[PDB]
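Right, one structure below, let's go through it.
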Amino acid sequence: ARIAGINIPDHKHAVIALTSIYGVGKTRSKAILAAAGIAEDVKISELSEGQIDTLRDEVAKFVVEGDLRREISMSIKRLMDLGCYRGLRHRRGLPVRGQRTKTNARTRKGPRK
Amino acid sequence: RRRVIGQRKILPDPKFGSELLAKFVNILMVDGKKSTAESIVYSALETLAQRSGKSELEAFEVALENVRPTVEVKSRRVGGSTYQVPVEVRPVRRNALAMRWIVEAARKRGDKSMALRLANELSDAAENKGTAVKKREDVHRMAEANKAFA
Amino acid sequence: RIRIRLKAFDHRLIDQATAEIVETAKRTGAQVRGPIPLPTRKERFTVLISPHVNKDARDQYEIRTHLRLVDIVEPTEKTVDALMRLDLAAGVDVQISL
Amino acid sequence: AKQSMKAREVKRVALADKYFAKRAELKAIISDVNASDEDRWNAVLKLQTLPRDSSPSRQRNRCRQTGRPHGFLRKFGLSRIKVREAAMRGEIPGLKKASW
Amino acid sequence: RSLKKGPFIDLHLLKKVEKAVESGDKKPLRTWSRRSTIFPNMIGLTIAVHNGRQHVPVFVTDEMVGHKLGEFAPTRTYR
RNA sequence: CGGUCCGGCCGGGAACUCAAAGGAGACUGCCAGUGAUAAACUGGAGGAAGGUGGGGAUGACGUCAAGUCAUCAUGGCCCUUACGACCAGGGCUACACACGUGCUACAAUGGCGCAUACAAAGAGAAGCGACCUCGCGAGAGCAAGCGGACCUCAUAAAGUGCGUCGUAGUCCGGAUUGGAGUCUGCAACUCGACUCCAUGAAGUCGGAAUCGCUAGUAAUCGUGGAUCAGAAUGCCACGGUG
């Protein structure tokens, strides 16, 4: 139950359901299935509760479960005091890539800035 | 102007058979992959034969009998007077015009699968149940009065 | 033991140079393999058609670079000693290999 | 365009001969501590870091009849805007015309 | 990430720093090498940089070490 | 045709192919009609090809009394401790929005997983770099072939075929992101490109209106090369599916 975490899909095999959740995408889905010892062909019923979710350290090769996102806004609360460009661009409402002012901003400030 | 090259005479096919079936597998060709329509030609008929007609032998005859254009409409002017005018269509390609109006709608509608997008279109064509045909007829009906001229 | 190469930019000039090679290297010793034509490395050489304000049209020139190997089988350095001295007119390049 | 380029060429060809064109394979041994026990590279590194003007950057060769930044035919050396009177008159060997 | 070779400055600016740190005494400097990446000893020095019209004074702290003199302030200030 | 795991490989050889060249074929000539039986059309036969053979090269005086001195020259006026020219630092993605031209999607005949095939034309020695390693990977190493019909770049994709999802502002789509890496150069903070693992906005074929066509053309999918310190979906060539 709830193999897809926050999301609803469950009538689906782990290789398309144990994906796009908790800091993992899809790049290692076959490898964790091969740790459990399961074939990628034919549908499964002999997989127990929490079984493949017990092997997640085969795919946790990332800042999973917000290991960085639980700090990023506080790292920015220090960055936004810095007398440098990357700090200035975090304490005045200014872009850092794209958003060329020679084009329309649509609703970012509304008609006539 | 008057020349213009002589319009083409098309072809039949040694497997698909008639000139119209040889047109069906060649019309509305996009991306040029040329293997998609040979699984869709005379393959939407077995369910049509139990939905909007009978047999796989008459399921496509009746579709091009229910979809039957007999008149075209176009503007015509003579100096400071303009009319919408009706003209009778020539019979020799008449069923190929009707064929085109079905196979394009399976592309311009995007609902479920291609194994449905044409079969679902044909089951209304074999009944003359096309989109917005009441307002289409309302133009030809209005233009009928202009066969009496000014 | 050794072999030769001949290069030119014209089909009639490389024949006019082949006529000298067969006469300069292939009569003593007498050598009988005839000249294969080989590819001409056909290409278009292109530049803008006008020097000002046009970039849409290009001027078309035909470039070819002809090759003849002519073939020699006599192993002696004497086979080329006269070819490294005689004409061979202007417009062609000869090369002695191995 | 101006005729300004030779007053740079005369200093920048020598700048390249001394500090670029014969300094490229040097990079594969100048910083290697295992490939030398002799002290030979430290001093020429201090010389190689002396110039700060051009060589691979800030400097383009440009055509000879006019110092235009582009139009130089690499395997011919001529400008494509100062060649037509020679090209048409058959003055470049191997080029043919017309219609193909 | 990036950087990518540690701090680096113009070799005239290295002399201006050397003169100040060895004298025990700092004097006003004006520089066009505004893209120099400051050394950890440049803090507190009396420095100004060219903006494209004039020289403008910049205040160097431990919080600026590893950055360029163009990172200190914005270039566009009308908007 | 003789030998031969049965590969032009070895004796040999141009029927075929490749290479380039030179000849020949087609001319409205022949026929039947049409037409002041004139001058000149239409149709047929035979033909690989039929009617300026098909297609290019072209551009008759003049027109706008057009643009260009900043592609190249140059007159007169004008500038002279300079409006000249030797340099360094800055401007061109400075912003209220419009206008031109393009790129990738909005798919489901598509998306994903897996298996599997064929190139063609080009460039190339402090080069193109095999086989092989090291790094998720950009790349970086070790180290043969070959100065190019030879060897290398190098791998054909679309497709094929079995499972799987199922018209959803998300399942497809990818912009501004979050993190660490690849690189040239004096140096990429700000104005440049590439990669790997999570996240994620718009996008349901488009306003009036108006623009372009015709067989290997439209659309579709692969490759090379020029420019060049470094970087282009741009520019110039090659080929498949049609």
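Every read-out reported here was derived from the displayed coordinates using simple, explicitly stated rules and does not represent laboratory data. FYI the Cβ positions are ideal-geometry reconstructions off the backbone, even for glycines, and counts take in every protein chain you see.
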What does the structure give for C:8-16 when I average, per residue, the other chain Cβ atoms found within 10 Å of the residue Cβ?
1
State the number of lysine pairs found in region D:1-90 whose Cα atoms come within less than 18 Å, restricting to pairs 8 or more positions apart or on distinct chains.
6
The rounded separation in angstrom of the Cα centers of region C:1-62 and region B:5-31 is 49
Picking from D:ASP39, D:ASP53, D:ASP17, which is most flexible by a Gaussian network model of chain D using Cα springs under 10 Å?
D:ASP39
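What's the local net charge at A:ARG28, with K and R +1, D and E -1, over the other residues with C-beta under 12 Å away? Spell out each step's value before the answer.
Working: positive: A:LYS26, A:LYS30, A:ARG56, A:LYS61; negative: A:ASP57, A:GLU58.
Neighbourhood net charge equals +2.
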What fraction of the Cα pairs in region D:1-90, stated in percent, has a spacing above 17 angstrom?
64
Which residues' amide hydrogens lie under 5 Å from the amide hydrogen of E:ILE47, considering only partners 5 or more residues apart or on another chain, with H built in the peptide plane?
E:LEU29, E:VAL58
Per its Cα gyration tensor (rounded if a/c is under 1.5, else prolate when a/b beats b/c, else oblate), chain E is best filed as oblate
With r as the distance between the Cβ atoms of E:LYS4 and A:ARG91 and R0 = 30 Å, compute the FRET efficiency 1/(1 + (r/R0)^6) and round to 0.05.
0.70
Per-residue Cβ counts within 10 Å, from other chains only, averaged over A:84-93: what number is that?
3
Net charge near C:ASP71, counting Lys/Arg +1 and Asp/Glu -1 over other residues with Cβ under 10 Å of its Cβ?
+4
Taking H as built 1.01 Å from N, whose amide H comes closer than 5 Å to the amide H of C:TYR61, not counting residues under 5 places away?
C:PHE45
Residues whose placed amide H lies under 5 Å from that of C:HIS66, excluding near-sequence neighbours:
C:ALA8, C:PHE9, C:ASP10
From the helices alone, meaning DSSP H stretches of at least four residues, give me the mean residue ellipticity at 222 nm for chain C, per-run term -39500 (n - 2.57), in deg cm²/dmol to the nearest 500.
-5500 deg cm²/dmol
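Taking 8 Å as the Cα distance limit and 6 or more residues as the minimum spacing, I'd like the relative contact order of chain B as a percentage.
Details: 140 pairs, mean separation 33.6, N = 150.
Result for chain B is 22 percent.
Arrange the peptides B:59-70, B:109-120 so that the one whose residues have, on average, the most other Cβ atoms within 10 Å appears first.
So the order, starting with the most tightly packed, is B:59-70, B:109-120.
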Please list, or write none, the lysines whose alpha carbon is within less than 21 Å of the alpha carbon of B:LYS23, excluding same-chain residues fewer than 8 places away.
B:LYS9, B:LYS15, B:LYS33, B:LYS34, B:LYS108
In square nanometres and to one decimal, what's the mean projected area of the convex hull around the Cα atoms of chain B?
12.2
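Consider all pairwise Cα distances in chain A and report the whole-number % of them above 22 Å. Could the numbers behind the result be given before it?
Details: 3538 of 6328 pairs.
That fraction is 56 percent.
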Give, in nm to one decimal, the length gained when the segment between A:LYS61 and A:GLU40 is fully stretched (0.36 nm per residue of separation minus the Cα-Cα distance).
5.3 nm
Reachable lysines, given that their alpha-carbon falls under 16 Å from the alpha-carbon of A:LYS61 and they are not under 8 places away in the same chain
A:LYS26, A:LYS30
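Under 8 Å for C-alpha pairs, at least 6 residues apart: give me the relative contact order for chain D, rounded to a whole percent. Write down the numbers at each step before the final one.
Details: 50 pairs, mean separation 24.4, N = 100.
For chain D, the relative contact order is 24 percent.
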Rough spin-label spacing in nm, given labels placed 7 Å along Cα→Cβ, for C:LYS42 and D:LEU26:
5.0
Test of understanding: extend the Cα→C-beta vector of D:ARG74 to 7 Å, then name every residue of region D:1-23 with backbone N under 12 Å from that spot.
none
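For each of E:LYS27, D:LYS96, count neighbouring Cβ atoms within 10 Å of the residue's Cβ, then give the residues from fewest to most.
Details: E:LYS27 10, D:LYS96 13.
Ranking E:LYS27, D:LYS96 by Cβ neighbours within 10 Å, fewest first, gives E:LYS27, D:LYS96.
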Report the net charge of residues surrounding E:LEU69, where surrounding means a beta-carbon distance below 9 angstrom and charges are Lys +1, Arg +1, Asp -1, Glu -1.
+2
Determine the distance separating the Cα centre of region E:15-79 from the Cα centre of region A:52-113; give it in Å without decimals.
29
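Take every Cα pair under 8 Å in region C:23-98 that's 6+ residues apart, average their separations, divide by the length, and report that relative contact order as a whole percent. Present the calculation step by step, with values, prior to reporting the outcome.
Values: 76 pairs, mean separation 27.4, N = 76.
Once normalised by length, the contact order is 36 percent.
Within 10 Å, count the other beta carbons around each residue, average over each peptide in A:67-74, C:44-51, and list them highest first. Show your work: numbers first, answer last.
Working: A:67-74: 10.4, C:44-51: 14.2.
Ranked by mean Cβ neighbours within 10 Å, highest first: C:44-51, A:67-74.
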Ranked from fewest to most other Cβ atoms within 10 Å of their own Cβ, D:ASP37, B:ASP138, E:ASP10 fall in the order D:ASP37, B:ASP138, E:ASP10
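Just the C-alpha atoms of the protein assembly as shown: what Rg/Rh do they give, with Rh taken as the Kirkwood radius?
Details: Rg = 40.9 Å, Rh = 36.9 Å.
The Rg/Rh ratio comes out at 1.11.
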Between C:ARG27 and D:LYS18, how many nm apart are label points set 7 Å from Cα along the C-beta direction?
6.1
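Sort D:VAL33, B:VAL25 by Cβ crowding within 10 Å, fewest neighbours at the top.
Values: D:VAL33 7, B:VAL25 17.
In increasing order of surrounding Cβ atoms, one gets D:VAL33, B:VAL25.
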